Amino acid sequence: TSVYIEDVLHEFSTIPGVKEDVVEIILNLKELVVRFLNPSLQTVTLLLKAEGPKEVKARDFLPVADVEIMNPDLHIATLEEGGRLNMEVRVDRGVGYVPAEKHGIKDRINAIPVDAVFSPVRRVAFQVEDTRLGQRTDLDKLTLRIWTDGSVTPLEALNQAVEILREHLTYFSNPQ
Amino acid sequence: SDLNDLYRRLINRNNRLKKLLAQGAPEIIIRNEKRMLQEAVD
Amino acid sequence: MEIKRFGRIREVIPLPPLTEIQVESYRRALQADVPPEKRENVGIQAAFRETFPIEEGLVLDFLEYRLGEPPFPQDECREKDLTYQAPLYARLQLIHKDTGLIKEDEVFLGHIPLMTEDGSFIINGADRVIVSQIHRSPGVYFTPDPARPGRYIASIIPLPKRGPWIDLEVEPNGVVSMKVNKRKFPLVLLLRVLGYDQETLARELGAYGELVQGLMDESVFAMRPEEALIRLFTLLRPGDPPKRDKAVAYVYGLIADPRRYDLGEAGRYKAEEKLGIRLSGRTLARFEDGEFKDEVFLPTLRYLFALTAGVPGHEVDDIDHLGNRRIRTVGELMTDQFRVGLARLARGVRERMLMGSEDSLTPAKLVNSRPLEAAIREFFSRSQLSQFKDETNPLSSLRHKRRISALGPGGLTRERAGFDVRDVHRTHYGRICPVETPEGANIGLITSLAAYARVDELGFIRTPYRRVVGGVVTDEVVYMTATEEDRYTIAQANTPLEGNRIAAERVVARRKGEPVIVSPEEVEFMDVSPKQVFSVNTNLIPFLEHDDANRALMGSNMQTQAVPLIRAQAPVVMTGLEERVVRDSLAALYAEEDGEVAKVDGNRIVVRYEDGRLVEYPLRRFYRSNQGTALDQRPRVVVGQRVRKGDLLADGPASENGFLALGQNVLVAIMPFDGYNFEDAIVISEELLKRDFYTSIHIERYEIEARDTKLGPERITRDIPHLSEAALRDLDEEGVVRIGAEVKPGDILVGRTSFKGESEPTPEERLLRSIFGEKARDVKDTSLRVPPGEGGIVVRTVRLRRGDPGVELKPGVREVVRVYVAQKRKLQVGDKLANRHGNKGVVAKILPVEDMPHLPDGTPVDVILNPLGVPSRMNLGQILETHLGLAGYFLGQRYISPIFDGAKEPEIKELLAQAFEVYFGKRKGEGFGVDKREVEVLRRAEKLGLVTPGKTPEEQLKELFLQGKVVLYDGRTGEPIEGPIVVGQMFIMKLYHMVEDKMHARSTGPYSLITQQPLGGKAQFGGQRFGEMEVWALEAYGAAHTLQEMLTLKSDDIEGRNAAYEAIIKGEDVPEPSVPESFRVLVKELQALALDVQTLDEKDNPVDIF
Amino acid sequence: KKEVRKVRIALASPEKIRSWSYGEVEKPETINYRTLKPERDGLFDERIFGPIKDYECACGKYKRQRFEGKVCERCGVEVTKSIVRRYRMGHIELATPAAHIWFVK
DNA sequence: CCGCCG
RNA sequence: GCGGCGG
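Novice: How should the domain arrangement of chain C be read in this particular structure?
Specialist: One frequent convention defines the size of an interface as the accessible area lost when the parts assemble. Looking at the assigned domains, one finds that chain C contains domain 1 (1-6 + 662-694 + 827-991), domain 2 (16-137 + 318-463 + 529-587), domain 3 (138-317), domain 4 (464-528), domain 5 (588-652) and domain 6 (695-826). Distance between the C-alpha centres of domain 4 of chain C and domain 6 of chain C: 69 Å.

Written out as structure tokens, the structure is:
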């Protein structure tokens, strides 16, 4: 949801000894898929800082005991020499899509808000095939295949969705 | 608004004429002023 | 990703240096890179020698012109509003009739602008372009008579403009007419004046034309020779001295009027060939020996008698034939004004030759830089020809760097006469793109030049053709002059060839703009490539061959308004020039020689060539384009890499991987939605915004100046008379605003302070200041605030204090402050995008991936183009690109299809077939078959005639995919959409049309002081005009008050608008407008003058407006 | 006498000229620098045209809206705002007659 | 025609 | 004032 580099004031800047631009970077961070474990983890702030000749990968974030990064080899940046890169990336648990202009997170007066990509699924598809059991041939065999980044599991999702559905069904209770 | 400058002109000459009438009235002067005068009004 | 290209017409020679037109022009213009020794003496040097030997006896001669030390460097010129000019002097030496030749070895007389490596100039801080020009090539031609369908008239056109414009008409009822400046005189008269006697004349001239009887017409004036010279003077319309004032005759001799264009080719070309044959001197120029020689006048009439008579050749001149129109390269345009300056200078130096004391005059006395600077200066900064470089994106710049205009000096062509010129003429073939012209008024008048089209020695746009003797085609090419193209029979390049030999008996060719089927033995020349027929800009549309020319234009022009998207993607399907555009345009940075990479900073790339050298290439980080677009160079090379000569080191503003990219390739379904894609609406998937697919960075350059009033210098400090500290935060630096700060509408960008209500302190504001705090700073708050609309993030700041390093600070101007503000442009509802074929449209609704059209396999589409916009407009090309684009998705491969030679319908189905094994092949293995949904749409497909009844769903779907259509489930209902729908990867772009420029919403604000109007200009906006067109609109409606309201309550009735405002504040009913201040003001305006304008009652009586 | 139905253009009787007139401008005195206030019998004098201020008079005897149509006892100043100010006209008495260029050229 | 930028 | 550009 938000990031902050030490010598950068605006998102449209450039950091010495670093190929990628601030925007090429924050772009790559939204591709970062982290995974919390308990509600007590609403807003985590990962910290990372490496120098010199190296390739920053999402694995270089200093571990946070309760949350895990299933996105390890994601390329974050490349550093020539004297490439001083230190940054703090704010991460949250949310739902749906949210424009960096909608939330406007301000941990530090010089940090830049990023766009929210909460949906933990990339693609869903359902198929209806011919019958397996029964006394009639006109029947449905629904099998749906789901795809997740890693945060939660195909099943986890399915269930939550199933719940949300049910949850709404009940709203047909009190008339007026 | 510019019109005043012209308004001042007319006022001036019209006035200068009132005086140029009471002081003494040398013909050539009376007309040379009426002239300017007529031109101002325009 | 594999890159396959389907071209079968062997492209024989690589495209030329696209900016060559401008580049070389200036080179040959100011031959300033090589010693005074090298031959090329046109332009500068030529214009120099033209007017340098000054013979007032006074003798000042030219030696060498040298120049070269650029005051400052490129960017500095931009950062400081400096015009990037080189310094130019030249050795001159003045001789005397007495003993003595003082040579003042240097007089710097001017500062001429320079030419960037890209081809642009930097006049005052900004980059501009000198657009090329066209006109009737100063020569001689013969055009049919105006109304009289009978005979034709002769024209003799010489420029510059001051020189005469001669015509030769023949009206048998009494005269042979020669006109100069609108007056007619006996053609003979002048003839005699030259020596041509009735006898010799008529006999060699009147061999076959009785018309001659019209010349031997003088049995009275034709018997007096030199006296006719005097007789012709009488002819001049004004009373002057009979003798020597032959100046007017002197004028048509050898100097000023006729043209001093290069002896041999400039005019002489239109001589030798078109008429007569030899040119003594440069023009009908000769005042030598007292007697004159005009080897020109007689033949012009010699061809008149030929034309009107037999068939000496069919002399009828088609005006537009490029063989009679020249293009004015910058060099020529600039060199033009230069000699105009040379002349203006030589004007005063002759004056100072008589004012002369003695031998003591040389540099100073003879030379004054005044004329030449104002001259040149005027061109580059005042001429209606050099303008603001359209740099929406590189391509844009490049076109604007190469188009031709008709309007200009005015002598060439005007506005109200054009129906004839506007047409793409026969000759424009491979010389003027027939598609590059702009829509609306000014069409066909201003157009960009062709692919291979290159300007020759004297302007006629030459084009390349291939020689072919017998049934054999060469690899030898020749750039023909429009005229010379007609002599031969050229054939198309689509003509089948087995290698170096023609292929069919009946092969296409075009004689003289006429389509003719010719034989292998008759083909003398063949086209180089289809490309040459259009422009660069045009040459970018994928399947142009299937697109109506009319829409194709929209398509070409559109690309020029493309905007630099952060993530730049080259077209899934390209023409084959993308690489070059970026190349020849200078967006990307290439590697000079072979070698290895040293440093790959995000600011500079340092490489080590294998030749013992190591250079540092700084990357323009994030510069503000002329149009306000991001211009960064992102290195695409890693530390220590062996680079090939001419390899992309970094990508340009819109070029990635060395390819031109402007917008992105999105998956698109081509069908109708509720209505969100009604007329020309386009639907977009939230999913796009998510991966920052369409995002442009933008910059606005706000500026403020600390003026020097006689009331007290305006200071720029953190101090603001109105006491607020919360708004002073962002403005940390005393006076300036902090970089990285978030400026919103109404915030202070820069602070400034000037003196009170003009001259005197207010006697009413001296009592208010004294009550609460007499010691209140008498200075006022005049600060550069964030203009309503928006700002964003401050990213660069420029201040120019006292001790100016090398900047030209205007007078009165104490110091200047510039503030660059940026922001991110994410695609939103009001934004407008478009494809290379001409389908333009705005975003109607941003749909949640959730319920938008998805394919069997989870993959949703990105955009839905309404099908209905394809039939009326004729641009199949897009539907094609889409098909190929569909293979590209599942085949993961980009293709390159040439203009007329590109991919073909069979081959695409071939790759599509391959694509079915990827899309559906993984489907079979992954373990699942066909949906009951897929079956259902297949039923409606077979009953539709799309599939061949009787085959397996497998087979079926394949045949259905091949057509370019797949199945698609709603997404909202998950129910299929009865009937296959075509989908694919289509290359579409976002245009320089943010809605940022689209919503001035006004409530209340500023009024003009002299005239009562809600003009804007500050934190407040202007209210739209109502015009009478729009009043009538209201009138018809019978919208009385709605109209009354417009005229008074909303505008002029100061007091009225007041009552209204108040009323509305009270939730009351607006007051009744009594008299418009316009009514009352009229009464008075009419009282002020005689007329007693009196308003009346029912019964003719008084009434008071006042 | 309610609705304005007809408008008339007629020549101006000198008597009527003085009729619409309130005072006569007698001196080219626009505004003296020291005091933003107009000079005397100048172009911007307030008696000839009216009150330079909003609903108060020259010296301050009557300053509100309760006595709106009453003229002050010591100096003639009846007022509403600064706009009933821009509705009155003044005249200049010309020595020897001049003519309307409009009626002659 | 109406509109907007430099 | 002049160039450009949207419909």
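What follows picks up the thread again.
Novice: How do you make sense of unusual backbone geometry when you look at a structure like this?
Specialist: Residue and element names in this part refer to chain C. Cis geometry marks the peptide bond from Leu159 to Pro160; its omega dihedral reads 5°. By the element assignment, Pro160 lies in the loop between strand 11 (153-156) and strand 12 (166-171). Of note, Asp289 is a non-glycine position whose phi angle comes to about 75°, a positive value. Tracing the backbone through its elements, the reader meets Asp289 in the loop between helix 8 (268-272) and helix 9 (297-307). Judged by relative accessible area, which is 67%, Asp289 ranks as exposed. Phi at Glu758 is positive, roughly 60°, even though this residue is not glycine. Residue position: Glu758 is located in the loop between strand 43 (753-755) and helix 18 (765-773). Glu758 sits in the exposed class, given a relative accessible area of 57%.

Novice: Got a minute to help me understand the protein's contact with DNA strand E in this structure?
Specialist: Residues and elements named next belong to chain C. Around DNA strand E, the structure places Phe388, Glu700, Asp997, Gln1024, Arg1025, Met1029 and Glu1030. Backbone sugar and phosphate groups make up 100% of those atoms of DNA strand E lying within 4 Å of the protein. Here the residues of the surface near DNA strand E are counted per class, giving two nonpolar, one polar and four charged.

Novice: For this particular structure, what's the right way to read the packing of helix 1 (residues 20-29) of chain C against helix 10 (residues 330-354) of chain C?
Specialist: Each pair of packed helices can be described by the angle between their axes along with the distance between the axes. All names here are of chain C. In the contact formed by helix 1 and helix 10, the axes pass within 7 Å of each other and the chain directions differ by 35°. In this structure, helix 1 uses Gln22, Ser25, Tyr26 and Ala29 to contact helix 10, whose residues at the interface are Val330, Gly331, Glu332 and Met334. Split into classes, the residues belonging to the contact of helix 1 with helix 10 amount to four nonpolar, three polar and one charged.

Novice: Would you take a moment to explain the environment of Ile157 of chain C for this structure?
Specialist: Residues and elements named next belong to chain C. Of note, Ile157 is situated in the loop between strand 11 and strand 12. Between the alpha carbons of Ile157 and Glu514 there is a distance of 29 Å; along the sequence they are 357 residues apart. Aside from chain neighbours lying at most four places away, what touches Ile157 is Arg136, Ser137, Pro138, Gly139, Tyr141 and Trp165.

So, how was this worked out
- Residues numbered from 1 in each chain as written, not as in the entry; some residues may be left out.
- Chains lettered and ligands numbered in written order.
- Part of a larger assembly, values for the part shown.
- Heavy atoms only, no water.
- Domains from an automatic or database assignment.
- Helix = DSSP H or I, 4+ residues; strand = E, 2+ residues; numbered from the N terminus.
- Buried < 20%, exposed > 50% of the residue type's maximum accessible area, 1.4 Å probe, protein only.
- Near = heavy atom within 4 Å.
- Nonpolar A, V, L, I, M, F, W, Y, C, P; charged D, E, K, R; others polar.
- Axes fitted to C-alpha atoms, helices over the stretch in contact; angles between N-to-C directions.
- Contact = heavy atoms within 4.5 Å.

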